[PDB]
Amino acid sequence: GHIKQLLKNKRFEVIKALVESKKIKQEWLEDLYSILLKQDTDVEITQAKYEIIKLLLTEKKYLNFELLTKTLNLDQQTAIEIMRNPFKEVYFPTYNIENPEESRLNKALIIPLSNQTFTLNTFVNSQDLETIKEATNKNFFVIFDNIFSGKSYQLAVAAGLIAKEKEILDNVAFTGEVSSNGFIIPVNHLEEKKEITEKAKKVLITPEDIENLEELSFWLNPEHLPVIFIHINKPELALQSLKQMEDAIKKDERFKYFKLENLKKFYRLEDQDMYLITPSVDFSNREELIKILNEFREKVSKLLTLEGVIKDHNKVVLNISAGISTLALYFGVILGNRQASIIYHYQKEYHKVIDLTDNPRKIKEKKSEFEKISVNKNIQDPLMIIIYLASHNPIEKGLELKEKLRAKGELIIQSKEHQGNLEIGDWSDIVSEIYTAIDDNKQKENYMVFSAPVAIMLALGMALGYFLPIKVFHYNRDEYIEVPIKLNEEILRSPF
């Protein structure tokens, strides 16, 4: 045989390149499988083993059950799982203090198994693989594309077994040892390993980022992946408010393992992907408001879909807050109430006020008797809608504007008892009652002014949608100015 001749001359590098090319005859398979049993005495044999295994799994016409059983001595159950279970490739860097040029970002191919843990590399300690099996409760097969020392690959291998999809592992690497119960053990040469991983255009995850396998599974096998979007008015409060959002997120039991830096590292997110700064907004400028709304749509789209890593849109949880009540109303109209999101109200810190993860349309459910708001109405066309939930009373100027616009109707919504000091809590009942009064009394043409918390207007935007003919008037410090964007325009259609 051709490979038999190459094997007799120990030309493993020629065999590797011949395997990297997809030009292999079936008669060469018996000698190819036998190379997997050789001792890893030099890196050329180990790298030849890796390419052989990678070819059998990517080109399954070379994946033979008879050769798996007679050559590798695998039982029929392990041989099937090697044939049918998908493999995961995870990166991990190694630094040789004795030979700095021998350092490299290595790869590990992992296949989950049922009742057997083994490797094809002779330099690997079997007890170190048993520790991974005990920590993850998963048997596995692993092979490496390089010869190295130490146990710094254990976190990477555990990542390949816990992660459900490969995309989360395509742009990240790991380093660290794993204990028998899942706790991450520190390793050496973190700074050197980081320069190796970044030189390969990847991000390194060290024990300084992940402490146990439960925290690791929060990112690699997430149940509710929390992301952040905050709108603010001052740039100097950007980074500080991102950490305050992370603080309020960590208060939730479902997101106790959330870390801002880990979200940025695992999903290739930067600080600006999670905020929108508008220092001075001219609410009379239609085009200027359009850029802000477009930038909102682009950032939210990037957060809900990420870089294609997330496949189930229900897993993303958008922790959102805004800084301008008029701007938040339009943000909510575009956001809609089909995406799982949590709205936070900021006073001193971020306060969770509306949780749409269990019932997203709870801010839209009408009630027969109003418990949180008081309604004083005279329904005629056109209708002037006034919302009074904050400290400043807009009724006087709202009714002045009603007669300036020749509006014949009025719908005055204000807090039932107490005013400007809404108790911090589930604000979804207030929003549902405000939506009820608006939806039950809406006319052919409507105008709306509001003095309410920004989180209230944000939620109200999601409840209303873009179907209602409402003209919004923004209070420019002392006078109402018409927003040149009607609340039913086609540019406000929710794409989510």
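Counting begins at 1, following the sequence as shown.
Peer 1: Quick one: higher average CA temperature factor, 346-354 or 415-423?
Peer 2: The stretch with the larger mean CA B-factor is 415-423.
Peer 1: Which wins on mean Cα temperature factor, 311-319 or 358-366?
Peer 2: Taking the mean C-alpha B-factor of 311-319 and of 358-366, the larger value falls to 311-319.
Peer 1: From 167, 247, 145, 271, pick the one with the largest CA B-factor in the entry?
Peer 2: Each of 167, 247, 145, 271 was compared by C-alpha B-factor; the highest is 167.
Peer 1: Of the options 284, 103, 376, 122, which has the highest CA B factor as deposited?
Peer 2: Highest CA B-factor of the listed options: 103.
Peer 1: Taking only the Cα B-factors deposited for this chain, tell me whether residue 468 sits in the lowest, middle or highest third.
Peer 2: As the PDB entry reports it, the C-alpha B-factor of residue 468 lands in the highest third of its chain.
Peer 1: What third of its chain's C-alpha B-factors does residue 45 belong to: lowest, middle or highest?
Peer 2: Middle third - that is where residue 45 ends up once the chain's C-alpha B-factors are sorted.
Peer 1: What third of the chain, by the recorded C-alpha B-factor, contains residue 171?
Peer 2: Highest third of the chain for residue 171's C-alpha B-factor.
Peer 1: Considering every modelled residue of the chain and its Cα B-factor in the PDB entry, is residue 51 in the lowest, middle or highest third?
Peer 2: According to the entry, residue 51 has a C-alpha B-factor in the chain's lowest third.
Peer 1: Using the B-factor values recorded in the entry, state whether the Cα atom of residue 95 falls in the lowest, middle or highest third among the modelled residues of its chain.
Peer 2: Tercile = highest for this residue's CA B-factor.
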